[PDB]
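Written out below as structure tokens is the structure these notes cover.
Every chain is numbered from 1 and lettered A, B, ... according to where its sequence line falls, protein lines coming before strand lines.
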Amino acid sequence: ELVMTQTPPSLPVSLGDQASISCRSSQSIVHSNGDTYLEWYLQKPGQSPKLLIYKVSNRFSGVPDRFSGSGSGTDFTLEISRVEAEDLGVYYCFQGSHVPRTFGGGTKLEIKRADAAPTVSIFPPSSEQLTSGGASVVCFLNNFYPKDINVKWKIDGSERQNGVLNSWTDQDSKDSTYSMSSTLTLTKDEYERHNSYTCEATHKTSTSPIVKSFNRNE
Amino acid sequence: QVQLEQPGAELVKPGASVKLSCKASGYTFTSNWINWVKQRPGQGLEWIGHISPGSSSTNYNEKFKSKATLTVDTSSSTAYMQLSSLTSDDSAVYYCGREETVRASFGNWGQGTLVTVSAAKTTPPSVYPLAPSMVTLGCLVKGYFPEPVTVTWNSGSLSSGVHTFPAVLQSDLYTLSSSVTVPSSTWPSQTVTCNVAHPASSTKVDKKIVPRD
């Protein structure tokens with residue numbers, strides 16, 4: 001079976017830079033018809049993969065020209081000649097010349113860009129959730145860079161770590177930034193005994209945290 | 001427009017079987033090989049096999065010989081992959097793809113079916129609005145099983161400014177949320193509605209974000 005090896009597994013690049021990704025096949029990949037069916041696919045976060053290059057070096061319909069593949073024998077290479085945010089995702093080589101057909105393990109293209117502080121927003125539990133007997137407080141820390149960030153919750157000023165669930169997006173396709181949501185989940189009884197709720201964001205962009213808070217009453 | 005339509009999700013009991021569907025349109029079904037792929041979440045692609053809808057002849061990756069069976073129904077333009085006695089190792093996205101003749105194995109991909117293998121029942125999400133020169137609004141999609149859910153805003157016409165956060169598992173249920181940022185002259189005077197699809201239970205929920213009072 002054709003073993004396809006990709007390096008690097010992770011590829012950090014600045015916007016506008018060149019990127020180079022290589023794929024090595026453990027044996028030759030010429031199909032009986034003469035054709036070398038080496039393909040490059042790109043899978044963006046959330047999406048199915050999409051064809052970039054076919055037969056080693058041909059651009060698929062409507063693929064931009066900053067993409068080009070090259071190589072021969074067992075060494076194949078994908079160049080992205082001027083990288084942009086929409087290029088984020090995992091790149092895979094693939095050989096279709098021999099059964100069983102096989103994929104490389106993927107190369108993850110990361111964009112490195114200027115730092116950016118988060119835009120933080122806090123949300124009270126909804127009246128619909130309260131009537132139901134639960135109470136979640138949600139905080140968005142949106143469009144920050146780099147991925148590292150800390151959130152801290154406070155109830156009437158006292159630090160609270162139980163029942164907090166955090167989620168980060170993948171790098172954004174327009175922005176190259178990250179976002180995260182943090183959710184403090186309580187019972188309506190617990191929520192209703194205490195008055196002020198605070199979301200604190202600490203990020204490499206400032207020594208002082210961005211603080212966003214509200215009061216149960218109005 | 002070549003379309004390969006796959007259901008979003010399938011819930012399966014351990015030991016049971018599924019039959020995954022791939023309905024094709026936008027070209028003559030019998031003209032192109034169909035390929036299938038497995039992707040465990042966050043993990044890299046494997047090639048299961050391919051079938052000629054014209055001749056019904058097949059080739060399998062040995063690894064799947066005894067897990068997967070490919071068939072087609074030419075009259076409905078539909079390709080099928082039957083997976084037998086499921087195990088948590090079978091929980092994964094399964095893609096069908098359309099081969100472009102002597103050119104590439106996956107010129108077009110379906111959206112993929114997320115197969116969760118579990119004994120747990122389906123649970124639909126609760127969907128809650130998050131209300132407070134730019135405004136940020138959101139949707140909290142709470143307490144569902146299995147994955148995935150799909151979120152849009154204003155039926156897809158609000159595309160930019162959106163962050164939909166990967167779900168997190170807790171107490172055996174998933175929770176996700178989405179935020180959208182709009183100019184303050186858009187909301188509250190225009191309606192902003194989040195659209196939640198949870199295919200495993202065929203639920204769709206529209207939730208209008210109204211200002212708190």
Side-chain angles (χ1 to χ4, degrees), chain A residues 1 31 33 35 37 39 41 43 45-51 53-55 58 60-61 90 92 94-96 99-106 119-130 132 134 136 138 140 142-143 163 165-170 172 174 177-181 183 185 214, chain B residues 4 6 35 37 39 43-50 59-64 93 95 97 99-100 102-112 126-132 134-138 140 142-143 148 160-161 163-170 175-179 181 207 212-213:
Chain A
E1 297 192 341
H31 197 261
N33 74 177
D35 286 335
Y37 290 115
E39 286 138 59
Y41 295 92
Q43 177 170 48
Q47 272 159 43
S48 93
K50 276 128 181 218
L51 178 69
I53 282 93
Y54 65 96
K55 291 172 71 188
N58 302 298
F60 191 51
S61 249
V90 194
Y92 292 94
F94 169 83
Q95 70 82 17
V99 166
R101 298 189 198 167
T102 40
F103 285 100
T119 301
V120 182
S121 293
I122 188 166
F123 297 86
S126 76
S127 88
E128 277 106 307
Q129 180 184 22
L130 286 167
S132 73
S136 298
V138 175
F140 294 132
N142 286 178
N143 314 70
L165 278 169
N166 300 312
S167 187
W168 273 260
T169 52
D170 277 90
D172 170 277
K174 274 174 287 106
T177 65
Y178 292 96
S179 312
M180 92 140 84
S181 66
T183 310
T185 303
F214 70 81
Chain B
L4 295 176
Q6 295 182 92
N35 284 273
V37 162
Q39 176 174 58
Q43 194 129 270
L45 307 159
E46 330 176 59
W47 181 73
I48 293 168
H50 85 340
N59 231 310
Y60 296 88
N61 178 340
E62 210 76 3
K63 173 152 162 190
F64 298 92
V93 177
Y95 293 107
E99 172 154 352
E100 310 246 331
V102 321
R103 276 193 189 145
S105 289
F106 306 82
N108 321 255
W109 294 72
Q111 249 156 346
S126 284
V127 178
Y128 304 119
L130 306 162
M134 279 316 257
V135 221
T136 292
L137 311 165
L140 177 56
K142 179 169 163 80
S160 76
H163 301 115
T164 290
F165 298 91
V168 172
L169 181 68
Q170 180 182 208
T175 291
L176 172 145
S177 65
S178 173
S179 76
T181 303
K207 197 53 110 266
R212 343 194 83 267
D213 207 354

Checking side-chain contact (heavy atoms from CB on, under 4.5 Å) for the pair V37(B)/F103(A): CA distance, chi angles, key distance, verdict?
CA-CA 10 Å; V37(B) 162; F103(A) 285 100; 4.0 Å; yes

Side chain [X], main chain [Y], donor-acceptor under 3.5 Å:
X: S167(A); Y: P166(B); result: yes
X: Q129(A); Y: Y128(B); result: no
X: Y41(A); Y: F106(B); result: yes

Engaged part of [X] at the chain B interface, taking heavy atoms whose separation is under 4.5 Å:
X: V90(A); answer: neither
X: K174(A); answer: side chain
X: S132(A); answer: side chain
X: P125(A); answer: backbone

Which of the residues [options] is involved in the greatest number of heavy-atom pairs with chain A at under 4.5 angstrom?
options: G112(B), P148(B), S177(B); answer: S177(B)
options: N108(B), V102(B), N59(B); answer: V102(B)
options: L137(B), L130(B), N61(B); answer: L130(B)
options: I48(B), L45(B), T181(B); answer: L45(B)
options: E99(B), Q111(B), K63(B), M134(B); answer: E99(B)

Step by step, work out the side-chain contact (heavy atoms from CB on, under 4.5 Å) result for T185(A) and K142(B).
CA-CA 11 Å; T185(A) 303; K142(B) 179 169 163 80; 3.8 Å; yes

Name all residues meeting the side chain to side chain donor-acceptor pair (under 3.5 Å) criterion together with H50(B); count only those two or more places apart in sequence or in a different chain, and write none if there are none.
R101(A)

Need one label for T175(B): side chain, backbone, both or neither, based on atoms under 4.5 Å from any heavy atom in chain A.
neither

Side chain, backbone, both or neither: which part of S105(B) has an atom under 4.5 Å from a heavy atom of chain A?
both

Rounded to the nearest 0.5 Å, what separates atom [atom1] in [X] from atom [atom2] in [Y]?
X: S179(B); Y: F123(A); atom1: OG; atom2: CZ; answer: 7.5 Å
X: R212(B); Y: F214(A); atom1: CZ; atom2: CZ; answer: 7.5 Å
X: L51(A); Y: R103(B); atom1: CG; atom2: CZ; answer: 11.5 Å

Using a 4.5 Å cut-off on heavy atoms from C-beta on, say whether the side chain of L140(B) contacts that of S136(A).
yes

Side chains of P100(A) and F64(B) in contact at under 4.5 Å (non-hydrogen atoms):
no

Which label fits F140(A) and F165(B): parallel for a plane angle under 30°, tilted from 30 to 60°, or perpendicular past 60°?
parallel

Using a cut-off of under 4.5 Å for heavy-atom pairs, which of [options] has the most such pairs with chain B?
options: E1(A), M180(A), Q47(A); answer: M180(A)
options: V99(A), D172(A), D35(A); answer: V99(A)
options: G106(A), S121(A), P124(A); answer: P124(A)

Might you point out which heavy atoms bring [X] and [Y] nearest each other, and give the distance in Å?
X: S48(A); Y: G110(B); result: CB-O, 3.5 Å
X: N166(A); Y: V168(B); result: O-CG2, 3.7 Å
X: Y54(A); Y: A104(B); result: CB-CB, 3.9 Å

Would one find more than 12 heavy atoms of other residues, nucleotides or ligands at under 6.0 Å from atom CD of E100(B)?
yes

Apply side-chain hydrogen bond (donor to acceptor under 3.5 Å, both in side chains) to the pair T136(B) and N142(A), showing each step before the final yes or no.
CA-CA 10 Å; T136(B) 292; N142(A) 286 178; 5.2 Å; no

Does the pair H163(B) and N143(A) meet the rule for a side-chain contact (heavy atoms from CB on, under 4.5 Å), with working shown?
CA-CA 9 Å; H163(B) 301 115; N143(A) 314 70; 2.8 Å; yes

Looking at the rings of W47(B) and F94(A), which for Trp means the six-membered one, are their centres under 6.0 Å apart?
no

